[PDB]
Amino acid sequence: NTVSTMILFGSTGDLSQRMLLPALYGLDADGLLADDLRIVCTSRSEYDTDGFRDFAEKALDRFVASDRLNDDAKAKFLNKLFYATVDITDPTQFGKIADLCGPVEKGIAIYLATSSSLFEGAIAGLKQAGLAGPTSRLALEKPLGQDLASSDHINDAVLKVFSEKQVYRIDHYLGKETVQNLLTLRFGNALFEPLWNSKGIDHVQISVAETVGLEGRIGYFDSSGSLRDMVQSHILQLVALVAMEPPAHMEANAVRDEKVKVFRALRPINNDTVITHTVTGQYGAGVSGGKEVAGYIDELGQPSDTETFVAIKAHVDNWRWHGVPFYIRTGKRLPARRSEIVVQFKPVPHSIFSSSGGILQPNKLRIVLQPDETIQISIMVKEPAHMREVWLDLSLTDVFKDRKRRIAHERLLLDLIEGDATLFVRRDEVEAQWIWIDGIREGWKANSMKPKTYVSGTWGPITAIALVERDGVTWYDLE
Amino acid sequence: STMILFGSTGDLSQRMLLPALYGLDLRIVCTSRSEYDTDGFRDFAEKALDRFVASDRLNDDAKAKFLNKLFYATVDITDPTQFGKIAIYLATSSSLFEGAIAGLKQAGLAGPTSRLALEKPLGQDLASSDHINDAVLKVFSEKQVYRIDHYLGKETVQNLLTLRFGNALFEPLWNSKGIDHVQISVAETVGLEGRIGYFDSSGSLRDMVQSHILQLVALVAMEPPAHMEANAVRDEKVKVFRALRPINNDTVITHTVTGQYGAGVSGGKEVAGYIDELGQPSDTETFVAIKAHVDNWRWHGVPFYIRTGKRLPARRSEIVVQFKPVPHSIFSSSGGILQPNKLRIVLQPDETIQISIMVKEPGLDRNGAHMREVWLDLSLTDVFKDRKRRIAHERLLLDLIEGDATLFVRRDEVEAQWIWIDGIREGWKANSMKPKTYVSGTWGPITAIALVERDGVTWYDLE
Amino acid sequence: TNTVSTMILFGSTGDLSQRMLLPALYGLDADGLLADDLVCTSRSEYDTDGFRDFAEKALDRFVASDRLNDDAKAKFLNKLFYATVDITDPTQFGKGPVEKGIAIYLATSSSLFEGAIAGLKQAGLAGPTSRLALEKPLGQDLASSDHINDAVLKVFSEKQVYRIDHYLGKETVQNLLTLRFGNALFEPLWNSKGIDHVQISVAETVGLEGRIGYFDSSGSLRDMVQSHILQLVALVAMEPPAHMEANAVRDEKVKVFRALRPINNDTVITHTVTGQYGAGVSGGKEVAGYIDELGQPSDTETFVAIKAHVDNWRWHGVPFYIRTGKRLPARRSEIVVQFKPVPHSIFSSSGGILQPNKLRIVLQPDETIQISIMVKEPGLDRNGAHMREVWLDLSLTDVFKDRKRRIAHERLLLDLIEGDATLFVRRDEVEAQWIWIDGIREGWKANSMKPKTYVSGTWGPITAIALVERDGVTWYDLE
Amino acid sequence: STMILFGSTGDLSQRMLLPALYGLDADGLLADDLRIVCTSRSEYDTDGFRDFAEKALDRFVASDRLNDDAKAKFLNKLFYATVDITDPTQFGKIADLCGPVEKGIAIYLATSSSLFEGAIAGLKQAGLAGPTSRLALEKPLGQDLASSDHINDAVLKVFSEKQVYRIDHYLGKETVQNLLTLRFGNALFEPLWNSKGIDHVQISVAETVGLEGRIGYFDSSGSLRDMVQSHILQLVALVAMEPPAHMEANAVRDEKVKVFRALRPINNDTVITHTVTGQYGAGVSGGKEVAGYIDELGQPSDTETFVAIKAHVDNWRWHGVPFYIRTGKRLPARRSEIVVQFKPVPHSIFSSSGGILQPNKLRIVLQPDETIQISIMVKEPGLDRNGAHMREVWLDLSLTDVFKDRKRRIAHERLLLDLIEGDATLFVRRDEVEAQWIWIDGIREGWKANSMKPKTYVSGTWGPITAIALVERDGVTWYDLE
Ligand SMILES: NC(=O)c1ccc[n+]([C@@H]2O[C@H](COP(=O)(O)O)[C@@H](O)[C@H]2O)c1
Ligand SMILES: NC(=O)c1ccc[n+]([C@@H]2O[C@H](COP(=O)(O)O)[C@@H](O)[C@H]2O)c1
């Protein structure tokens with residue numbers, strides 16, 4: 001089902017230069033593209049197809065890794081680069097894109113790199129062009145909704161023209177190689193699944209932490225907040241991958257179908273539940289990176305009711321996971337850039353050792369998705385009569401230094417060209433994720449909850465550290 | 001106080017025990033097959049003191065102290081008058097014990113407050129261990145007896161129960177289900193020097209499987225005690241050995257393979273064959289391998305693959321628990337071996353724990369998407385650069401000083417070992433089975449290589 | 001939510017509108033479940049006004065005697081209508097309040113179903129106000145089934161469609177999930193570890209007599225395994241729904257349907273068996289063979305037998321033995337989960353049979369759940385003491401004497417007047433059912449498997465007992 | 001060979017043992033050569049007291065087993081000499097009474113532990129002791145562990161442990177014997193027999209009667225010493241034991257002793273929380289008005305007749321699983337039974353629906369009937385508007401119905417035959433006894449320092465209100481049919 005005609009919308013955007021064109025050339029330069037591939041890039045600004053190509057070369061030079069860069073391999077990729085100045089608002093403009101496009105039976109992959117308000121106009125023009133017709137796919141990587149209603153608004157109006165199979169919603173997460181091995185680690189190994197239940201598993205937690213701020217995306221970040229921005233998709237995907245029941249086989253939908261279910265089955269957070277289970281944290285002026293950094297209001301310059309931090313004790317309510325607290329924690333201006341997963345297991349049924357002897361420490365498996373990728377499992381070992389909880393450590397980066405550090409889109413981009421792709425979100429996953437997330441905002445918006453701030457680099461609001469510790473567990477911290 | 005190390009003037013107590021004993025610092029009495037002087041025993045100790053940890057010997061004023069305080073005394077072990085030339089260890093052998101035990105006690109008196117450590121196989125047939133034990137227990141106290149397994153005291157052997165029972169993840173699969181087979185391997189690069197004749201009567205099997213490994217097996221297969229009591233531990237090991245599937249005269253043909261180290265190379269030098277070194281024809285098995293079966297609710301149908309040898313290509317000690325594979329491969333044929341997870345701990349050669357894991361390879365939606373096996377390492381001897389890599393024997397003497405057997409073999413344990421062992425012997429001897437020569441530095445007879453492979457399993461090689 | 005006062009009946013002339021549907025409806029109105037204000041169209045044209053006489057003939061001799069009463073019948077007789085029309089002719093179909101919902105029940109054949117849609121749309125009956133139910137044997141091939149389904153879908157929304165399987169209404173079939181997931185003892189055992197094989201048997205003493213002509217089309221495997229027995233497999237293997245939802249439960253069956261090991265053309269010689277009932281004894285009486293009863297020589301199976309495999313985490317490697325049969329020794333539908341034997345016999349072989357535990361759900365004619373345990377016989381023996389297998393028996397027929405509900409159909413039917421539809425199948429379910437069964441038929445046709453004769457009343461072809469025998473498994477029978 | 005019944009005048013001998021022996025004679029499991037010599041403390045001195053034994057046969061033995069002709073064959077194997085354990089000098093009369101040493105002598109002390117030691121001293125003078133001689137004892141085996149040990153120590157000093165065959169009446173009943181067959185002869189249970197899958201265990205011996213003619217012996221001990229140190233504690237070991245490798249006497253025991261060694265100490269502190277005591281009180285029993293225990297005693301009474309405990313085995317398998325023991329006299333019904341409540345379903349797929357989904361339960365009634373059954377949830381049949389109904393149900397097995405044919409025989413006949421056989425299979429070991437004794441001695445001390453008072457319950461009532469609350473605080477209840 002590979003597509004030899006693809007159209008790049010929003011080609012004027014930073015993402016297309018920053019994450020799209022470099023990924024493409026990276027696929028080119030290695031030969032994953034059928035050389036009979038058309039790529040009709042479209043932007044409002046005016047450039048000659050040879051012209052646009054020169055702009056792309058700048059982007060390729062300013063973004064593609066130097067080792068990949070080759071003046072021959074760039075040129076071979078540019079001769080598959082064709083552009084066409086078009087207004088969306090005017091559907092009559094699209095026909096010029098249509099003439100460039102390769103025959104429909106070969107098919108068209110339609111990337112949308114714009115704003116969700118701009119989505120509605122563009123789809124209409126394609127049908128007159130004929131690009132709207134089946135044999136056309138469609139990817140989306142935008143603020144395509146903040147609540148259900150918009151997402152339903154945006155999706156319902158799309159599903160009018162295409163179908164779910166045509167739609168390829170994309171999550172930057174799942175591009176990540178580390179995110180992907182997680183299914184392999186759980187289902188390529190038979191030790192984890194026996195204990196991957198409510199019994200022998202005590203608490204689990206997610207922490208996507210970053211020192212960076214909302215530098216540049218502020219004003220636009222102020223609309224999402226950490227919870228709309230990172231946890232809505234990115235983090236709930238981690239939960240799905242870690243809690244999903246296995247599919248019978250590695251199918252796009254069957255994999256999705258289990259994640260969809262995990263999204264569907266979770267403890268809802270209600271009005272009364274939110275004060276107990278939710279924590280907010282804005283950023284105080286603080287020194288981060290050894291350099292003093294300004295508060296959120298400092299940079300924002302305006303009153304703001306957005307988070308930057310979130311931390312939620314979620315519950316998966318399925319036979320397997322019912323009653324296992326899932327402790328989420330994301331935020332900016334944190335002590336380290338370290339996204340990580342810690343599964344903590346229930347302690348041994350009986351400590352047959354002396355009370356004096358080191359208290360047993362529950363076995364825990366830790367995976368850090370970013371920046372370093374490592375997998376470690378806690379154990380107890382008698383010391384050369386005492387013990388130390390010592391770790392069985394492994395670094396993926398050490399394991400495969402040679403493998404190329406491809407970009408997260410290079411991979412995502414091809415799945416879309418190749419055929420049905422499991423790394424792309426579905427409406428069923430999308431509606432459920434809002435279901436949980438939305439209420440949370442409405443319930444705590446209805447509760448006049450206002451974020452408790454911390455000085456930047458403080459590890460977040462004190463109110464947080466107690467959400468976990470009033471149940472008796474601590475957030476994993478390096479020592 | 002005053003001890004007696006009968007056979008301290010020997011290899012047993014020149015590197016393994018007495019050289020290690022330097023750390024164990026009372027007047028020290030030591031018997032001697034080569035009966036030298038008081039100062040000379042210290043001088044002989046001083047050469048062994050030279051063969052000790054460089055830092056600990058250099059730091060110790062003990063080497064000066066050893067010259068300062070020393071005891072030597074014609075052992076006269078055979079003589080009823082073997083004594084007078086508090087606790088004595090029998091660094092002697094089973095033969096150098098029975099008469100030795102009878103006479104050493106009589107000259108200085110005996111009864112309680114006297115040591116009783118076999119420090120030996122202390123038996124050939126059951127009757128040997130039986131008779132020899134029986135005459136001891138009727139003359140000592142059961143608490144006084146300290147049968148010694150050089151291994152059990154080794155710290156790496158010890159953390160197993162902490163490993164096994166301090167960790168939730170290992171036990172759910174530790175079953176008949178969830179384990180495909182277990183694998184124990186005692187390797188040495190060395191041949192036999194000066195011990196071949198004693199070894200030749202004993203056999204490799206008797207020297208290591210009966211004492212060094214069977215305990216290891218218990219530690220690996222035993223059901224836990226309610227609490228970590230000396231007898232609570234031992235009572236559950238006894239349960240293991242007594243649940244060992246007997247090797248009949250029929251089970252020996254298919255389930256065992258004998259070997260013998262031939263002539264070859266070891267490292268950068270080349271060594272000669274075994275019998276030629278002996279100078280007399282030997283039918284002793286330098287190398288033996290067993291397909292032991294333990295039958296219990298937990299394990300019935302889990303093969304235990306034994307392997308200890310001499311002049312082996314490399315010396316390594318470790319256990320390979322290979323787990324029963326995933327009930328289903330949720331992936332396509334094209335990507336991933338999906339090789340079974342295994343837990344491996346190096347023991348005597350180095351202390352490390354590693355678990356086999358399978359991780360998806362960095363990949364793009366190419367036609368092939370393989371997942372590679374990866375291991376989680378812990379260097380038990382690299383994280384504890386603070387803890388002294390102190391010898392294993394040194395600690396056991398502390399337990400003797402306590403007078404509580406924290407780790408000494410029990411008769412009800414021991415008698416379980418021979419009954420199984422001797423059934424291999426009486427049996428395969430009744431079938432006229434003979435040892436197979438193997439090149440020095442190779443991996444025993446090729447008859448073994450087929451023992452592992454008729455099941456669909458292979459031994460463990462790092463490469 | 002039906003707002004429905006109108007019922008549509010097709011195929012009344014069949015031995016189904018009389019034996020099951022007409023008595024079923026008798027209950028729906030004789031206990032206040034049918035509105036007082038609340039049609040009969042014949043696949044075979046019949047003289048009219050016969051039905052008021054016909055129901056008394058057909059019902060009296062079909063409905064339960066205790067249930068039967070002179071009064072209840074008159075109201076039912078009045079409500080009933082009878083127009084003599086032909087499915088082949090659309091104009092006939094046109095010859096019914098709009099406000100009342102029209103619910104269309106199709107008790108004809110799959111081929112006749114398309115015509116009914118053809119006349120309804122044109123007669124004025126098909127309406128958003130119309131809900132249509134369809135018989136279980138719809139289609140002989142996935143493409144034929146997909147053909148009819150696609151046509152109905154344009155005419156009717158999926159919700160209006162109510163795909164019928166009578167097995168899903170049988171009480172013993174319904175509580176199967178309650179048995180499995182309302183009880184924690186069963187689930188730990190329900191895995192590749194702890195289950196040796198599952199064993200299903202729908203047994204029948206009666207060969208088709210009137211229906212042989214229509215049967216010869218659909219093999220015993222098509223008539224029963226496609227719908228009835230294949231649902232049983234879902235209930236006995238389906239992973240738990242997080243919550244019981246009509247679609248999620250159907251969704252999880254679909255997952256089970258899709259995880260069956262493909263019976264190709266190479267796995268048909270080894271994992272399937274066909275049979276045709278020869279001549280023998282039925283009730284001390286001599287009854288004739290298939291080919292005698294039906295003159296045309298035929299390769300049709302009056303008996304089938306499968307060794308199906310579910311290849312997921314839970315079930316990979318657990319054999320599934322399915323044996324629908326005609327002219328068999330008994331009418332006993334019965335699932336027999338046989339569990340893995342003790343990991344070790346800590347008991348001497350001489351005194352121990354140590355037979356494996358078996359969960360036997362008897363679905364008909366008697367409701368009788370039971371479990372088998374081995375218990376020591378009471379005697380004084382110094383050695384080799386004997387141990388005897390014993391059964392813990394239950395009787396849903398004896399325990400629920402008070403509940404007193406006669407038939408599955410009345411619940412399913414009433415449900416269509418209610419519009420619930422949880423029992424009714426879903427399209428995605430249907431199509432995964434066919435593709436698996438279609439392969440088994442194609443492989444035998446490509447592999448030229450021909451039914452073996454079995455004297456009528458002998459469990460089946462000798463070949464079945466050997467399909468189990470090679471694997472050590474036997475066919476459970478009361479001994 | 002030759003049997004001796006020390007304690008011959010005992011009511012227990014009259015009902016439990018003399019009927020059992022008749023059954024062995026009737027079935028011809030008893031040698032014609034074998035002769036039984038009985039010494040009774042206070043009555044029926046004449047050898048023709050067989051009539052007194054025959055009286056015992058009538059009021060106790062089953063009619064079908066009873067056979068007028070068969071009695072005489074048995075009674076003319078009965079030889080009685082009046083003897084006093086306290087005076088050794090009269091032990092001789094038991095000797096000079098058949099008892100050829102080569103045939104050998106099987107000695108039964110239906111006497112109390114206090115009388116145990118004295119009887120042994122007479123036998124050694126009589127030449128009864130040492131070779132060719134066995135020895136049986138009884139359930140109490142001493143007031144305390146030191147008390148049992150002092151009597152114990154001298155037994156092994158006199159006969160080799162091979163020859164002591166201590167009797168725990170429960171171990172040997174067929175329903176008690178099957179337990180291990182239940183546990184390890186099937187694969188269904190053990191997946192869940194752990195601290196994951198189980199809510200709690202419940203062992204309960206109930207009795208409609210009080211103590212009559214047993215009161216003087218009874219007020220020395222108490223119900224826990226009477227039917228717990230030996231009986232109910234054996235049952236606990238069988239329920240919680242890790243399986244043996246293969247079914248050998250010591251292989252079974254060595255794990256049972258561990259279950260006893262595993263149990264957590266009640267201690268002085270836990271008794272307010274884990275111990276409930278009762279004193280049988282005047283009321284109804286059997287439909288009859290029966291007298292209160294103190295009034296029957298004729299003296300103040302500190303002994304329970306009822307106890308209820310929250311036992312804890314602290315091993316890998318059972319750590320933290322409460323075991324609710326409850327043995328009583330004048331309880332509403334006679335019925336020994338075990339109820340395993342399995343930990344409830346992990347999550348409910350039909351949580352919205354009304355039905356409770358009660359936790360599964362394995363019920364084994366050892367007495368008075370023999371029965372195993374299983375709690376399962378199954379959907380209630382209904383036509384449902386919206387919402388669903390689920391009713392719990394029982395999978396039935398009446399062992400007696402399954403094997404009615406095989407003769408039903410007294411546990412003692414199995415227990416006694418092994419004695420002549422010289423078999424220790426249903427006979428307790430000293431290590432078994434000490435572990436049971438230390439636990440009991442510690443609860444008794446805890447009761448002593450806290451001065452707990454048996455709390456009076458009515459006759460025919462479910463014990464004291466104190467016991468119901470101890471079960472209630474967990475949420476657990478007591479199984480009561482209906
Ligand atoms: N007893 C029955 O007649 C019965 C049973 C199961 C399915 N069906 C199917 O429903 C329809 C019934 O038509 P007849 O009543 O003419 O057989 C057909 O599609 C038939 O194959 C009938
Ligand atoms: N039913 C019983 O009498 C019974 C039950 C268990 C043990 N015992 C023991 O047997 C002897 C009974 O003697 P009495 O018949 O005088 O009660 C005592 O040692 C007693 O502890 C009696």
# chains A, B, ... in the order shown; residues from 1 in each chain; ligands from 1

$ residues_around --residues "range 122-125 of chain C" --least-positions-apart "4" --cutoff "7 Å" --atoms "only C-alpha atoms" --output "list in words"
residues 93, 94 and 118 of chain C

$ interface_residues --of "chain C" --to "chain D" --cutoff "8 Å" --atoms "only C-alpha atoms" --output "ChimeraX atom specification"
/C:171,174-176,178-179,181-185,188-189,194,240-244,339-343,345-348,354,356-357,369-371,373-380,387,390-394,400,403,405,411

$ write_last_selection --atoms "C-alpha atoms" --output "short mmCIF file (atom, residue, chain, number, x, y, z; two decimals), in the first residue's frame"
data_model
loop_
_atom_site.label_atom_id
_atom_site.label_comp_id
_atom_site.auth_asym_id
_atom_site.auth_seq_id
_atom_site.Cartn_x
_atom_site.Cartn_y
_atom_site.Cartn_z
CA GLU C 171 -29.23 -19.32 29.91
CA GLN C 174 -25.24 -16.62 29.23
CA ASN C 175 -23.87 -17.34 32.66
CA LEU C 176 -20.68 -18.73 31.19
CA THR C 178 -20.47 -15.05 35.18
CA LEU C 179 -18.99 -18.47 35.94
CA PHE C 181 -15.24 -13.88 35.86
CA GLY C 182 -17.50 -13.76 38.90
CA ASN C 183 -15.37 -16.56 40.40
CA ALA C 184 -11.62 -16.17 41.02
CA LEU C 185 -10.92 -19.92 41.36
CA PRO C 188 -5.73 -18.78 37.45
CA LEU C 189 -6.23 -22.24 35.91
CA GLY C 194 -3.37 -25.24 34.14
CA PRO C 240 -12.10 -10.32 30.54
CA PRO C 241 -13.97 -7.14 29.48
CA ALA C 242 -12.94 -4.37 31.89
CA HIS C 243 -16.70 -3.88 32.39
CA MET C 244 -19.51 -5.80 30.75
CA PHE C 339 -7.06 -29.01 33.57
CA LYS C 340 -3.39 -29.85 33.67
CA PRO C 341 -2.61 -32.86 35.92
CA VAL C 342 -0.79 -32.48 39.23
CA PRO C 343 2.79 -31.29 38.65
CA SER C 345 2.18 -37.26 42.26
CA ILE C 346 3.40 -37.17 45.87
CA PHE C 347 1.30 -40.37 46.01
CA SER C 348 2.10 -43.96 44.95
CA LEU C 354 -4.69 -39.10 39.82
CA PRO C 356 -7.08 -34.57 35.95
CA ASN C 357 -9.74 -32.16 37.33
CA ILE C 369 -22.28 -27.53 36.22
CA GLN C 370 -19.81 -29.89 37.87
CA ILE C 371 -16.13 -30.30 38.85
CA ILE C 373 -11.84 -34.15 42.24
CA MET C 374 -9.89 -37.27 43.23
CA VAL C 375 -10.50 -38.27 46.90
CA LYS C 376 -9.14 -41.24 48.90
CA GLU C 377 -11.60 -44.19 49.11
CA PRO C 378 -12.62 -44.95 52.71
CA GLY C 379 -10.79 -48.17 53.70
CA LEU C 380 -7.94 -49.18 56.00
CA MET C 387 -7.95 -42.97 45.62
CA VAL C 390 -15.44 -37.91 42.65
CA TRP C 391 -17.62 -35.15 41.15
CA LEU C 392 -18.98 -31.99 42.79
CA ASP C 393 -22.35 -31.70 41.03
CA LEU C 394 -24.70 -28.76 40.69
CA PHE C 400 -33.67 -22.48 40.18
CA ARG C 403 -37.24 -18.96 38.58
CA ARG C 405 -38.53 -19.30 32.73
CA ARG C 411 -35.91 -12.96 26.16
#

$ closest_residue --among "B:230, B:400, B:163, B:289" --to "chain A" --atoms "only C-alpha atoms"
B:163

$ residues_around --residues "range 68-72 of chain D" --least-positions-apart "6" --cutoff "9 Å" --atoms "only C-alpha atoms" --output "count of residues only"
6

$ residues_near_ligand --ligand "ligand 2" --cutoff "9 Å" --atoms "only C-alpha atoms and all ligand atoms" --output "VMD selection string"
chain D and resid 7 to 16 109 to 116 137 to 141 167 to 170 213 to 215 217 to 218 226 to 227 231

$ write_last_selection --atoms "N, CA and C atoms" --output "short mmCIF file (atom, residue, chain, number, x, y, z; two decimals), in the first residue's frame"
data_model
loop_
_atom_site.label_atom_id
_atom_site.label_comp_id
_atom_site.auth_asym_id
_atom_site.auth_seq_id
_atom_site.Cartn_x
_atom_site.Cartn_y
_atom_site.Cartn_z
N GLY D 7 -6.81 -48.43 81.80
CA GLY D 7 -7.91 -47.50 81.80
C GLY D 7 -9.18 -48.17 81.39
N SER D 8 -9.24 -49.50 81.39
CA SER D 8 -10.42 -50.23 80.83
C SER D 8 -11.77 -49.65 81.27
N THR D 9 -11.89 -49.10 82.48
CA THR D 9 -13.21 -48.61 82.98
C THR D 9 -13.61 -47.29 82.35
N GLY D 10 -12.79 -46.74 81.46
CA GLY D 10 -13.06 -45.39 80.93
C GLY D 10 -14.34 -45.33 80.14
N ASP D 11 -15.06 -44.22 80.23
CA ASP D 11 -16.26 -44.05 79.38
C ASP D 11 -15.79 -44.06 77.92
N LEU D 12 -14.66 -43.41 77.65
CA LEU D 12 -14.14 -43.34 76.26
C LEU D 12 -13.84 -44.77 75.81
N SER D 13 -13.24 -45.56 76.69
CA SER D 13 -12.98 -46.97 76.33
C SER D 13 -14.33 -47.66 76.10
N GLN D 14 -15.30 -47.35 76.95
CA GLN D 14 -16.62 -48.02 76.83
C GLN D 14 -17.25 -47.65 75.49
N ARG D 15 -17.16 -46.39 75.06
CA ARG D 15 -17.85 -46.09 73.78
C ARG D 15 -16.89 -46.06 72.59
N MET D 16 -15.80 -45.31 72.70
CA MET D 16 -14.83 -45.21 71.58
C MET D 16 -14.07 -46.50 71.29
N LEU D 109 -2.99 -46.99 77.24
CA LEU D 109 -3.20 -46.26 78.46
C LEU D 109 -4.37 -45.30 78.21
N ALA D 110 -5.60 -45.81 78.41
CA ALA D 110 -6.78 -44.93 78.32
C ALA D 110 -6.75 -44.06 79.57
N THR D 111 -5.72 -44.26 80.39
CA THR D 111 -5.52 -43.47 81.63
C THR D 111 -5.06 -42.06 81.27
N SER D 112 -5.21 -41.13 82.20
CA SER D 112 -4.76 -39.73 82.01
C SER D 112 -3.23 -39.67 82.06
N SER D 113 -2.65 -38.57 81.60
CA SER D 113 -1.18 -38.43 81.53
C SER D 113 -0.60 -38.58 82.93
N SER D 114 -1.29 -38.06 83.94
CA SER D 114 -0.81 -38.17 85.33
C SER D 114 -0.71 -39.64 85.69
N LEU D 115 -1.68 -40.44 85.26
CA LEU D 115 -1.63 -41.91 85.51
C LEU D 115 -0.67 -42.57 84.52
N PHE D 116 -0.29 -41.88 83.44
CA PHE D 116 0.57 -42.54 82.46
C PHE D 116 1.84 -43.08 83.11
N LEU D 137 -0.80 -43.94 73.98
CA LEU D 137 -1.11 -42.86 74.94
C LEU D 137 -2.41 -42.17 74.53
N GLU D 138 -2.61 -40.92 74.94
CA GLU D 138 -3.93 -40.30 74.62
C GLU D 138 -3.76 -38.84 74.24
N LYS D 139 -4.86 -38.16 73.90
CA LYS D 139 -4.81 -36.77 73.36
C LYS D 139 -4.13 -35.75 74.28
N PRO D 140 -4.37 -35.68 75.61
CA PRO D 140 -3.80 -34.59 76.42
C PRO D 140 -2.27 -34.57 76.51
N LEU D 141 -1.63 -35.71 76.74
CA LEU D 141 -0.15 -35.81 76.82
C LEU D 141 0.43 -34.68 77.68
N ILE D 167 -1.58 -41.17 70.33
CA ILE D 167 -2.86 -41.15 69.65
C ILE D 167 -3.44 -39.74 69.65
N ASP D 168 -3.70 -39.21 68.45
CA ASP D 168 -4.48 -38.00 68.23
C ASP D 168 -5.71 -38.49 67.51
N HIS D 169 -6.83 -38.49 68.23
CA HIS D 169 -8.05 -39.15 67.76
C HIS D 169 -8.47 -38.67 66.38
N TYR D 170 -8.24 -37.39 66.09
CA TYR D 170 -8.68 -36.85 64.81
C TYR D 170 -7.88 -37.47 63.66
N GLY D 213 -19.28 -36.55 83.24
CA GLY D 213 -18.44 -37.71 83.62
C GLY D 213 -17.05 -37.45 83.11
N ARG D 214 -16.86 -36.34 82.41
CA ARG D 214 -15.52 -35.95 81.93
C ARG D 214 -15.11 -34.69 82.68
N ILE D 215 -16.06 -34.14 83.44
CA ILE D 215 -15.84 -32.82 84.11
C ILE D 215 -14.60 -32.86 84.99
N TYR D 217 -11.83 -34.64 84.95
CA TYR D 217 -10.62 -34.52 84.10
C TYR D 217 -10.64 -33.18 83.36
N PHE D 218 -11.81 -32.78 82.85
CA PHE D 218 -11.87 -31.57 81.99
C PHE D 218 -11.48 -30.28 82.70
N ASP D 226 -7.92 -29.55 75.58
CA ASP D 226 -8.65 -30.79 75.22
C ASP D 226 -8.69 -30.97 73.71
N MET D 227 -9.50 -30.17 73.00
CA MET D 227 -9.60 -30.44 71.57
C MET D 227 -8.90 -29.43 70.67
N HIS D 231 -5.98 -32.21 68.51
CA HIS D 231 -6.88 -32.37 67.38
C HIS D 231 -6.87 -31.24 66.37
#

$ atom_distance --atom1 "CA of residue 147 in chain A" --atom2 "CA of residue 303 in chain A"
22.1 Å

$ residues_around --residues "residue 377 in chain B" --least-positions-apart "6" --cutoff "7 Å" --atoms "only C-alpha atoms" --output "PyMOL selection string"
(chain A and resi 392-394) or (chain B and resi 352-354)

$ select_by_dssp --residues "range 11-152 of chain B" --states "alpha helix (DSSP H)" --output "VMD selection string"
chain B and resid 18 to 21 38 to 50 54 to 59 62 to 68 95 to 108 126 to 137
